[PDB]
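S.K.: Each protein sequence line maps, in turn, to chains C and Z. In terms of the deposited numbering, the first sequence has 219 at position 69, counting the first letter as 1, and numbering is strictly consecutive. In terms of the deposited numbering, the second sequence has 18 at position 17, counting the first letter as 1, and numbering is strictly consecutive. All C-beta atoms, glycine included, are put in the ideal place defined by N, C-alpha and C.
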Amino acid sequence: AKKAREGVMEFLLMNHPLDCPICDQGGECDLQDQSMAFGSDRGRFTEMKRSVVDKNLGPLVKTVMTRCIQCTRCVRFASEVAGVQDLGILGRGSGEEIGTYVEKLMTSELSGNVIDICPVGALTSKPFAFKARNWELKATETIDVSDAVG
Amino acid sequence: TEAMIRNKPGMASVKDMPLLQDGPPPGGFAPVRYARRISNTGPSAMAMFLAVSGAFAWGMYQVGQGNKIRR
Ligand code: SF4
Ligand code: SF4
Numbered sequence: 151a152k153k154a155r156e157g158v159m160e161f162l163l164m165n166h167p168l169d170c171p172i173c174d175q176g177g178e179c180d181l182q183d184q185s186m187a188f189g190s191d192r193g194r195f196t197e198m199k200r201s202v203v204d205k206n207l208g209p210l211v212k213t214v215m216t217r218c219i220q221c222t223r224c225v226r227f228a229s230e231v232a233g234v235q236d237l238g239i240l241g242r243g244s245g246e247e248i249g250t251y252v253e254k255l256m257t258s259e260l261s262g263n264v265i266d267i268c269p270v271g272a273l274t275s276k277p278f279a280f281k282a283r284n285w286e287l288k289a290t291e292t293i294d295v296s297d298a299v300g
Numbered sequence: 002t003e004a005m006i007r008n009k010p011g012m013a014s015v016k017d018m019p020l021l022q023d024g025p026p027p028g029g030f031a032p033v034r035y036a037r038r039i040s041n042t043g044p045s046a047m048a049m050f051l052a053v054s055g056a057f058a059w060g061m062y063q064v065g066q067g068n069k070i071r072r
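1) Taking the CB atoms as reference points, tell me whether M256/C and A228/C lie closer together than 9 Å.
2) Only counting runs of 4 or more residues, tell me where the alpha helix (DSSP H) segments fall wholly within the region 184 to 246 of chain C, in order along the chain.
3) What residue range is occupied by the uninterrupted alpha helix (DSSP H) comprising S54/Z?
4) To the nearest angstrom, report how far apart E247/C and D204/C are at their CA atoms.
5) Since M18/Z and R7/Z are thought to touch, with beta carbons under 8 Å apart, how far apart are those beta carbons, to the nearest angstrom?
6) Regarding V202/C and ligand 1, is the C-beta to nearest heavy atom distance less than 8 Å?
7) Does the distance from the C-beta atom of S275/C to that of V234/C stay below 9 Å?
8) Show which residues of chain C have a CB atom less than 7 Å away from the CB atom of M5/Z.
9) Quick one: what does DSSP say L255/C is sitting in, helix, strand or coil?
10) Compare the Cα-Cα distances from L207/C to each of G300/C, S244/C, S258/C, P269/C and report the closest residue.
11) Around the C-beta of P269/C, are 16 or more other C-beta atoms found within 10 angstroms, so that it is buried, or is it exposed?
12) Please report the distance separating the alpha-carbon of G28/Z from that of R38/Z.
13) Pick helix, strand or coil for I248/C, following the three-state DSSP scheme.
14) Can you tell me the Cβ-Cβ gap for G177/C and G271/C, rounded? I've got them flagged as a contact below 8 Å.
15) What does DSSP give as the partner residue(s) for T290/C in the beta ladder?
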């Protein structure tokens, strides 16, 4: 089991760009916290990682699909929970790219939660562009008052 | 990585990596002294008393002769 986990966390960090310093979700990252806990301490891949252009997904979700690991979590969230069906896993192989095939802002509300859904920095809040870090933020378990769902 | 940081053109293998870091030269350094080499080659117990006593024996005679000249 541990060798299988290390194997996979090497593949994920293989074509993944070294964007952790410039990644908005640098501290709060499943990939960083699984590599620093279950993945191997070193990487043997020394070649040309694949890179992906940044899709325009609107004024909410800043997208850096190079970081994205193509786990498909968001393309499932938009199809099922958000129910708008705009995101897609275009292409096959390493060339897999997540996002709308035509430039299409995620017109759906409830589609800003894809950032919390995303286990990787790729999909991040564009309003919270880089303004802070996962460790600076003091958290209060407040409620919301915008809409009456509370 | 670690085979793209320490290149050494060729080398056919992950071993034989350059590995040039600081250390003693081949054959170590010189034998360094650590003991207390305090040389006691000074005037002995005598030769210091006999220089002082000799100075007293002759120099006080000279004080006497100078007192005779002054008188
Ligand atoms: S998601 Fe961002 S912070 Fe996490 S490993 Fe990838 S580049 Fe680094
Ligand atoms: S949730 Fe994030 S990491 Fe997963 S496929 Fe979508 S963009 Fe890529």
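M.R.: Let me lay it out:
1) Here residue 256/C corresponds to residue number 106 of the first sequence, with the count starting at 1. Here residue 228/C corresponds to residue number 78 of the first sequence, with the count starting at 1. In this structure, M256/C lies near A228/C, with their beta-carbon atoms less than 9 Å apart.
2) Segments of the alpha helix (DSSP H) lying fully in the region 184 to 246 of chain C: 223 to 229.
3) Position 53 of the second sequence, counted from the first residue, corresponds to residue 54/Z. First-last of the alpha helix (DSSP H) with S54/Z: 50 to 71.
4) The residue given as residue 247/C occupies position 97 in the first sequence. The residue given as residue 204/C occupies position 54 in the first sequence. Approximately 10 Å between the Cα atoms of the pair.
5) For the purposes of this step, residue 18/Z is taken as residue 17 along the second sequence, with counting starting at 1. For the purposes of this step, residue 7/Z is taken as residue 6 along the second sequence, with counting starting at 1. Contact between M18/Z and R7/Z holds, with the beta-carbon distance rounding to 4 Å and staying under 8 Å.
6) Translated into the one-based positions of the first sequence, residue 202/C becomes position 52. Checking every heavy atom of ligand 1 against the Cβ of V202/C, none is found closer than 8 Å.
7) Sequence index remark: in the first sequence, residue 275/C carries index 125 (1-based). Sequence index remark: in the first sequence, residue 234/C carries index 84 (1-based). Contact: no.
8) Here residue 5/Z corresponds to residue number 4 of the second sequence, with the count starting at 1. Simply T196.
9) Taking the first residue of the first sequence as position 1, residue 255/C is located at position 105. The answer is coil: DSSP assigns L255/C none of H, G, I, E or B.
10) The residue labelled residue 207/C in the question sits at position 57 within the first sequence. Comparing Cα-Cα distances from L207/C to each of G300/C, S244/C, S258/C, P269/C, the minimum goes to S258/C.
11) Locating residue 269/C in the first sequence gives position 119, counting from the first residue. It counts as buried.
12) Taking the second sequence and counting its residues from 1, the one referred to as residue 28/Z is at position 27. Taking the second sequence and counting its residues from 1, the one referred to as residue 38/Z is at position 37. Those two C-alpha atoms are separated by around 26 Å.
13) Looking up residue 248/C in the first sequence gives position 98. Correct three-state label for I248/C: strand.
14) Locating residue 177/C in the first sequence gives position 27, where the first residue counts as 1. Locating residue 271/C in the first sequence gives position 121, where the first residue counts as 1. Contact between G177/C and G271/C does not hold, since the beta-carbon distance rounds to 10 Å and is not under 8 Å.
15) Locating residue 290/C in the first sequence gives position 140, counting from the first residue. Bridge partners of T290/C according to DSSP: none are assigned.
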